[PDB]
Structures are given as C-alpha cells and as structure tokens.
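J.: one piece of my complex first, more on the way:
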Amino acid sequence: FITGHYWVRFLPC
Amino acid sequence: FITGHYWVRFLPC
Amino acid sequence: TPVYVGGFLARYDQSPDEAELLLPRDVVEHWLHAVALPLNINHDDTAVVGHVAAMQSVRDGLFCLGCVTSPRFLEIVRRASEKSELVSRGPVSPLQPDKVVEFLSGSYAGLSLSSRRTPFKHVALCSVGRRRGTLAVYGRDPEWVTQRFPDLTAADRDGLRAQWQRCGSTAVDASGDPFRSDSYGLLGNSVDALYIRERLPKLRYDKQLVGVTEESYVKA
C-alpha cells in the first residue's frame, strides 16, 4: 500500500 | 513576569 | 457526541512531486465500483477512531466524510483539549466554542488515504497530508462539514448524504469502540508532526484550494 503520509509512507500487503 | 514563550507570554506577580 | 470529518483524500487538479502519489479519475472511480473502511490516527492499526461514512468522486477530487466515534479516543481529546492554549483562545465568530472539535481541527488537520499500487485500505487522520488539498474539516453536523466545501455541487452532496444516512446493521444493539491505543501513542505521534517541514503553508495551501473560506473550526 501507498499512503498520503509524511512518516508512514508504504504499508504491507 | 515576562516569558520567552509564544503562548504563555505574561505571568502573574 | 461523535465528531464528523470532511475533506479530499486526493485531488485531480493537483500533481504530486512523488509520482507514486498519482491517483486519477479513471482509477479512483473504477476502484469505487470494486464493510466500511476504518478511520485511524497516523496509519496505526491500534488507533482506529471510527469509519469512513461516505466516499464520492467529484469534479476536483476523491472526497470523503469520516466519522470519529471512539469514546476512549474522544475522552483523550477532551482531557488534552483543556490543556491547549490554542483551544483556550477559541474559534472565529460566530461559532460556539467546542474544545473537542477545535483540538482535532488543530492536531489532525490533514487526511491521508491508504490505497493499492480491495483497493482502498483505510483513511488516517494526520497533522498534514502528503497529497495537497487534503485538509480535514471537523464538526458535529455532517451536513454542516460537507457545506464547508463550497465547490461541491448539490449533485455531489446528495450522493454523500445517501451514504452517511444509510442505516447500519439492525442486528447488534450497541456501538463498539475500536480504539486500542492511548494518549502515549498520540503524544508519540506529535513529535513527528513537528518535523514535517513547512506544515502550515501546506495547510494554508490546502485551505484556499478547497475554498474553506466560507466560518470553520480550521486552525490554519
């Protein structure tokens, strides 16, 4: 996953 | 009292 | 009371620096065709504060309307709100002081989607979004927060209204509290927010772009 965040950018999938 | 703060500027004396 | 939150998760008229953050109208709309996303704080699985009540692809972007329900979270916000010098100063005329809404407005001013590349995972409240135009607008009335955004058509609002007015399962006769974090976490999150370079111009940029200049609780 891609986020629109500054710190938590990617996210496991 | 005068502080070097942005939010709490004056202080009772 | 719960608190409602409105804002864009992406904007069609904004081109991100990081090309990975592209999210066009074709892609967003096909994804909305393909049971309600969680609302968390800074993408922490343990910081779910509610759910996305509505999603609508409008002229300018993917707009959403989340609902902040957690008693555990809203109680943290309540206790913290009474210890903010910003919250003490109040909101613009003619709005009533609302310490809870004002604190969230200040603290979690941004929206951040978590998506693929099912395609949408969840939405995070955060200090600022990395995609521009993603200002979070809080308030008690969902009809009211949706009315903060002047460029939404009445066609757009109807589609949104449909979703947040739709009755959930009549089966369970309670409202669960998803929040599995604490004030220590929210405190931990706060440092990071301080180190996002030029947060306030980014927020100012978002504000005028989406025309939130119309009485609001927005602190930027």
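T.: Structure received. Numbering: from 1, shown residues only, chains lettered A, B, ... in the order given.
J.: interface residues of chain C facing chain A?
T.: Chain C comes close to chain A at residues C:9-10, C:20-21, C:42-43, C:111-117, C:121, C:124, C:126-131, C:134, C:192, C:196, as judged by CB under 8 Å from any CB of the partner chain. Just so you know, the C-beta spots here come from the backbone N, C-alpha and C atoms, and that holds for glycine as well.
J.: Buried members of the residues you listed into PyMOL, please.
T.: To isolate in PyMOL the members of those that are buried, counting by 16 or more other CB atoms under 10 Å in any protein chain shown, one can use:
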select buried, chain C and resi 9+10+21+42+43+111+112+113+114+115+121+124+126+127+128+129+130+131+134+196
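J.: Now intersect the residues of chain C next to chain A with the helices, please.
T.: residue C:192 (DSSP state H).
J.: which residues in chain C form strands?
T.: C:3-11, C:38-41, C:50-57, C:61-68, C:110-115, C:120-126, C:137-139 (DSSP state E).
J.: Let me see the contact set for residue A:12.
T.: residue A:1 (CB atoms under 8 Å, 6 or more residues apart in numbering or on different chains).
J.: Repeat the analysis, applying 6 Å as the threshold.
T.: By CB atoms under 6 Å, 6 or more residues apart in numbering or on different chains, residue A:12 lies in contact with nothing.
J.: in stretch C:152-171, what's buried?
T.: So stretch C:152-171, judged by 16+ other CB under 10 Å, has buried residues C:152, C:156, C:157, C:159, C:160, C:161, C:163, C:164.
J.: And the last one, how far from chain A?
T.: This means residue C:164. Applying CB to the nearest CB, to the nearest Å, the value for residue C:164 to chain A is 22 Å.
J.: do the same with the first one
T.: Distance of residue C:152 to chain A, given as CB to the nearest CB: 20 Å.
J.: Could you do the third one as well?
T.: Taken as CB to the nearest CB, the spacing of residue C:157 relative to chain A amounts to 24 Å.
J.: Quick check: closest non-adjacent residue to that residue.
T.: Spatial nearest neighbour of residue C:157, excluding adjacent residues (CB to CB, 6 or more residues apart in numbering or on different chains): residue C:146 at 5.8 Å.
J.: Number of residues surrounding that neighbour?
T.: Close neighbours of residue C:146, defined as other CB atoms under 10 Å in any protein chain shown, add up to 22.
J.: Kindly report the same for residue C:188.
T.: Using other CB under 10 Å, residue C:188 has 13 neighbouring residues.
J.: okay, chain D goes in next:
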Amino acid sequence: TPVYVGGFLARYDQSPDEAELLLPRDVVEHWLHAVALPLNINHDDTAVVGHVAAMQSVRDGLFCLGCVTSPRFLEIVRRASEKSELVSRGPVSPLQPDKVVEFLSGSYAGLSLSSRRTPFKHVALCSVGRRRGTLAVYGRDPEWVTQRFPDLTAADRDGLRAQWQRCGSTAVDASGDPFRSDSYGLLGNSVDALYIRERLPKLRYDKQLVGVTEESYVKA
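T.: Following on from the chains above, chain D is added here:
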C-alpha cells in the same frame, strides 16, 4: 537516569522584535548577584520536571544547564518515545540511540526564561523559544551537553561545572518527584507547538548561531 539540558535563555548579540524581551548584560549579571529554580514544561506550575543546575553569564548570553529528574515525566516520555517515527529513525553517527533524549530533543527544542519586568522565576522547556538563540540541547552527561556549545570558554565551563557538581542538602535521603501533571497535559501542549509559525527555521537559526554543529541529538 536523569537527563541534562543546556542552552541560552537570552542572547546579548540578538535583538528581539518585542522590546519587552530585552535582557542586557548589565541587567542579567546584577540579577545573578541577587533555593534552585524549577524546570517546568510550557510554564505550567504543575509540569515541574526538575531544576536549573547552573546559570552563567558568558560572552554571548545567559547560559543555563537544567536537570530533568522526574520519574513520572521521564516515564511519560519513555512510553511516548516508542511511538514516534522520528525517534525510530535514530540519531546521527556516531551517537547511540537514546529514545528518551531523542524525544525531548525533538519535542522540547526550545528554552524559555520567566523573569521580572527575586528576579528570575523559573525555566520552561518548550517547542521553540521566543527569544532567538535559545536552543535546548539534551544529553545524559552534563559535561557532554556543555561541550556541544563550542563558543563557551574553559573559563565559562569551570563556572558552570562548579554549580552542577555542588552537593545538595545532605539532610533528606531521597529525591522528590515534583511533577504534578500528565500525558494529557503534554498532549494538550502539543497542538500549540504546531501553530507557532515557522518553528523549524527559528530552530535552525538558533542551532547555527550557538554553533551546535560539532554530533548532537538535536532534531532540527
């Protein structure tokens, strides 16, 4: 362990916009002639985290070296530090990760004196000082934090060392914990820190001025 904090409370080579914040060498030095000041968080009487261990009028300003002692406060900082993405990224080579020091370094980057116009009341840790040059430098060793500031002479350091090495009352055989606040307060304080316009250039300004460019935990 306690954490030590060094930095200027005022600077003689800096002229404030607000003229009320003037604090010249004549005045500072006469005041130091006229039992140890409390260290609090954002000037909250209930957020005393320790005491000012030393004060020295040096070439460029009023320098002080405070001591953060509170187990209740340092325990809040500990739990919060394990929930910061900034703290997770670490410090510059060759320093050891120190989650507690790093969090304070990020969160309370400024110093703020509370003074008249006895003349000094207390010192507050805060996100940024309103007087420029007031960068807070944290660390475990007080000899080490004092060495972060390269323009302090060995004459200056001796005067400082004298004060923090001086033994307190031999009478009470415990160390009291002054902290009478909570993480909710510290969370409440955090919003305000977000709304100080251009905090990070102010902090960058302070850093190079006082020459903290020499391995440090400073996050700005």
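J.: please look at the neighbour count of residue C:188 again, because chain D has been put in.
T.: 27.
J.: Distance check, residue C:36 against residue C:118.
T.: 12 Å (CB to CB, to the nearest Å).
J.: more neighbours, those two?
T.: Between residue C:36 and residue C:118, counted using other CB under 10 Å, residue C:36 has the larger neighbour count: 15 against 8.
J.: Helix, strand, or coil at the closest residue to chain B within chain A?
T.: Nearest residue of chain A to chain B: residue A:6, at 23.1 Å (CB to the nearest CB). Here residue A:6 is recorded as coil under DSSP: H, G, I helix; E, B strand; the rest coil.
J.: Hmm, residue C:196 and it touching each other?
T.: Yes. The criterion here is CB atoms under 6 Å, and residue A:6 meets it with residue C:196 at 4.9 Å.
J.: Give me every residue in chain A lying close to chain C.
T.: A:1, A:2, A:3, A:4, A:5, A:6, A:7, A:8, A:11 (CB under 6 Å from any CB of the partner chain).
J.: now, which of those sits nearest residue C:94?
T.: residue A:4 (33.1 Å; CB to CB).
J.: Tell me which residues touch that closest one, please.
T.: Counting by CB under 6 Å, 6+ apart, residue A:4 has contacts C:112, C:113, C:129, C:130, C:131.
J.: Format those as a markdown table; extra columns: distance to residue D:26.
T.: What follows is the contacts of residue A:4, written out as a markdown table (distance: CB to CB, whole Å):
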| residue | distance to residue D:26 |
| --- | --- |
| C:112 | 53 |
| C:113 | 58 |
| C:129 | 51 |
| C:130 | 50 |
| C:131 | 54 |
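J.: which of those lies closest to chain B?
T.: Among those, and counting by CB to the nearest CB, the member closest to chain B is residue C:129, at 25.1 Å.
J.: For the closest residue to chain B within chain C, which non-adjacent residue is closest in space?
T.: Using CB to the nearest CB, the closest approach of chain C to chain B is made by residue C:85 at 3.9 Å. In space, and not counting its chain neighbours, residue C:85 is closest to residue B:7: 3.9 Å by CB to CB, 6+ apart.
J.: Quick check, the one you found in contact with residue C:86.
T.: No. Counting by CB under 6 Å, no contact exists between residue B:7 and residue C:86, whose distance comes to 7.6 Å.
J.: Please report how far the closest residue to residue C:211 other than its chain neighbours lies from chain A.
T.: Distance criterion CB to CB, 6+ apart; nearest residue to residue C:211, sequence neighbours excluded, is residue C:150 at 4.6 Å. Noted for residue C:150: a distance of 23 Å to chain A, by CB to the nearest CB.
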